[PDB]
Each structure stands twice: as structure tokens, then as C-alpha cells.
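Read the single chain below, which is given as C-alpha cells and is the form solved without the partner chain.
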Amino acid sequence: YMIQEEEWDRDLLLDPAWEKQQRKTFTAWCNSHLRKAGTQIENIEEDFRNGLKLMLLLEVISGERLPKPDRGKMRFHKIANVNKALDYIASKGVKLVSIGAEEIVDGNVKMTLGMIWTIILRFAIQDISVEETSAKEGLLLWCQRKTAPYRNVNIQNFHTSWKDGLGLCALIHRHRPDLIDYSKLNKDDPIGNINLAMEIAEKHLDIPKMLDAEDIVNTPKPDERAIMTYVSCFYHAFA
């Protein structure tokens, strides 16, 4: 059988940029909450398949108890646990499309990422409201107001606007000028600018280093779900 197939099989071990980014960011986001429950996940495509840490995540971020988990390794107990996590998200206003317990238990990557995004959106971004603007659009207007003074920043979206890292440094500088010497930063060191903001955010604001920096700089259009997840932590930290 052909060498050509074998080489392309190996090539499937590279995740597309959008997955790398969502994987890194949504894993760190889940972990910055699960640590209040004394646990962590390591691999987002594997560690929600039994429904247990998913139910716990939902409890930690909602503050409300979910019904008791099924105990037992049998596959229908994992299905019952994930159904409880998804029924709880539904009950909180999220209309789920193309997402079901069966594919989550089977490790479906796009579906598992999509589910976690619906959680991040509902419990971190949905209720953001600035000047009669809610959710994604409200978080964006917020970023625009905070960064308006900064002439080397133009927040117009949750992707390309954020590539050079200056948008992140400005959000910090506006709220905490003591923490950053903004005037010394420029557009030629985007990787530096990103890792700097993330290092400052981690040390002083308790926000883990969620972003895939290399991919943000090098990908034509960064993943906006990942960037919204990270920026949503700055909003909660500053408001």
C-alpha cells in the first residue's frame, strides 16, 4: 500500500490552526474555573467524554447544583452524565444545534469544542452589557471604548484587530498604567506584545495564559472564539 497515504496519515497529527487555538484557550478557560473545585483537565478532547468534570465545571461557574452523576464505567452512564450537563445548559437559555451526548462521549472534536464555546458564551459573555449592547457586540464596544485613546490600536473585530498584541496591552494599560510601559511597545514585535500582556495578566490579575500566540500572529485570521474567551476574562477582572 502507498507511501502517499502513510505520509498523509501522519499529517493528520497536525491540528488546523483554529483547533490548536480553541483547544489551548478553552482548556485553560475550563481549568481556571475547575481549580476552585480542586481538579484540572489536560486534554479537552478526552476529559469531558464521561460527563463528570463537565457537570462540575457547570456547577462551579453557575453556583448551582446539578443532579447527582451516574456512577459506573458503562457507556450508558457516560451518555446519561453528558445528557445532564446538556439538559442543564438548555435550561439556562442555550438552544443547542448539532450537539448531542453520543458524539461528545465519542470524542467528536468539532462538537466538543462547539459545546464548550456555548458554555463560555452563556456564562462569561452573554450577560455583558455596555451602552444598551449585549453579549459579543457589547464586549466589542467595551474593548473599543477602553482602547479609543490608543492611536496604534483599532479594535474592529475579535480576530485580525488583535494580531499585533497592542490591543491586549492597551486594555491593561488603561486599567493599570503602573503595570505596563505602553509607550515603549510597537507593531514589529507581535509575539512579544502578546506574551507580555499574558505574563502581566497572569501575575497580577490571576488570568491564566490562554492564548495560542504563535498561531494568532501567523494565522491570517485568528480564532475569534478563542480571543473572545480571553478578553472576556479582562472584562470580568476590570469591571
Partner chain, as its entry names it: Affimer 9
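Only residues modelled in both forms are compared. Take the two forms, find the largest set of C-alpha atoms that superpose within 1.5 Å, and that set is the rigid core. Positions refer to the first chain, counted from 1.
Another form, the form solved in complex with the partner chain, is not on view; read the next lines as being about it.
Asks: Decide if the three candidate residues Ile180, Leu196 and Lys203 all line the partner chain in the deposited complex, where lining means a heavy atom within 4.5 Å.
Replies: Checked in the deposited complex: all three residues contact the partner chain.
Asks: With the cut-off set at 4.5 Å between non-hydrogen atoms, does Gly192 touch the partner chain in the deposited complex?
Replies: Although the partner chain is absent here, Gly192 would touch it in the deposited complex, with heavy atoms inside 4.5 Å.
Asks: Please check if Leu58 has a heavy atom lying within 4.5 Å of any heavy atom of the partner chain in the deposited complex.
Replies: No, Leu58 is distant from the partner.
Asks: Give a yes or no for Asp188: in the deposited complex, does one of its heavy atoms lie within 4.5 Å of a heavy atom belonging to the partner chain?
Replies: Residue-level check for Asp188: yes, a contact with the partner chain.
Asks: Against the partner chain in the deposited complex, would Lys184 count as a contact residue? Criterion: heavy atoms within 4.5 Å.
Replies: It does: once the partner chain is placed as it appears in the deposited complex, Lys184 has a heavy atom within 4.5 Å of it.
Asks: With the partner chain left out here, work out from 41 to 49, 61 to 69, 26 to 34, 203 to 211 which stretch has heavy atoms within 4.5 Å of it in the deposited complex.
Replies: Of the stretches listed, the one contacting the partner is 203 to 211.
Asks: Using the rigid core for the fit, write out the stretches of 3 or more consecutive residues with CA shifts of 2 Å or more between this form and the one not shown, ordered by sequence.
Replies: Moving stretch: 12 to 15 alone.
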